[PDB]
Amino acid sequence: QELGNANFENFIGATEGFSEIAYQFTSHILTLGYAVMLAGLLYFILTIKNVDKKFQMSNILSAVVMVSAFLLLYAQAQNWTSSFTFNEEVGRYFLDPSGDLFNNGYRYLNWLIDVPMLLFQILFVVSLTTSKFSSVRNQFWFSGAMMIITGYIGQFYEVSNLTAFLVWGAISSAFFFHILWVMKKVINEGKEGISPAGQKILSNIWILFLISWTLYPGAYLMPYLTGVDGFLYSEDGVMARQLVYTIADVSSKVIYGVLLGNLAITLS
């Protein structure tokens, strides 16, 4: 069977197949994913009037991200269930090519919305002391775009060409480190001239940002984190990857948005 430049989920699905637990769990975690985003959308719209006019752009950009996340995770949930079909003889779900191959790439291109907006929205709550608003925004947007596009190219080769996969991943990581650098500056300048309560929240935001954003490259490498022919190059790795994505999505978008809202309230 010829799959070409396809994600490893298809190789596991085409050879070993997926147990009821592996298939159902992946279906459930992706379903919880889009449910959280639509719930978040409602929360961000309904709490818009809870902060001063100047901070409301944060709620609006959170809502924008929720729409992106909901549509993508909904599409990705349908893509999962249509790509793997139950075989009654062996009692496992195997690649059903009529449903198309499964691809994580859907997520990557929608990050062209999420990443720029998530980085932009904090600049509407915090006050910079040294750094220029337009300069920070432009660095976030340029590095964000390059990080996503290079990673998008890389993930197509996660099985067909391990070398390209790692090189593109490495280039992508360079832009990621730059984003972490600039965000650290923004957090530090943001802490200057606000109440200790506000400073505590910004500290929490930095930890959340650091861990949640790092999970994405984790999901990228997931199948190989226990090396070639490891425990994770199986249905277990498939489950782990989608679980990690869902934890990252909720943390980086919904919880991040809630914390920014709480900061906005303390500064109001």
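Residues carry their position along the shown sequence, with the first being 1. We call the rigid core the largest set of C-alpha positions that still match within 1.5 Å between the two forms.
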After fitting on the rigid core, which stretch moves more in 6 other deposited structures of this protein, 118-126 or 93-101, going by C-alpha RMS?
93-101
May I ask which stretch, 175-183 or 102-110, sits farther from the shown form in 6 other deposited structures of this protein once every structure is superposed on the core, judging by RMS CA distance?
102-110
Per the entry, higher mean C-alpha B factor between 191-199 and 115-123:
191-199
Could you check the entry and say whether 236-244 or 222-230 has the higher mean CA B-factor?
222-230
Maximum C-alpha temperature factor per the entry, among 86, 141, 102, 168, belongs to which one?
168
Chain-relative C-alpha B factor for residue 77 (record values, thirds): the lowest
The third of the chain into which the C-alpha temperature factor of residue 265 falls is the highest
For residue 70, the third of its chain by CA B-factor is the lowest
Residue 216: CA temperature factor from the record, placed by chain third, in the middle
Quick check for you: using the entry's CA B-factors within this chain, is residue 156 in the lowest, middle or highest third?
middle
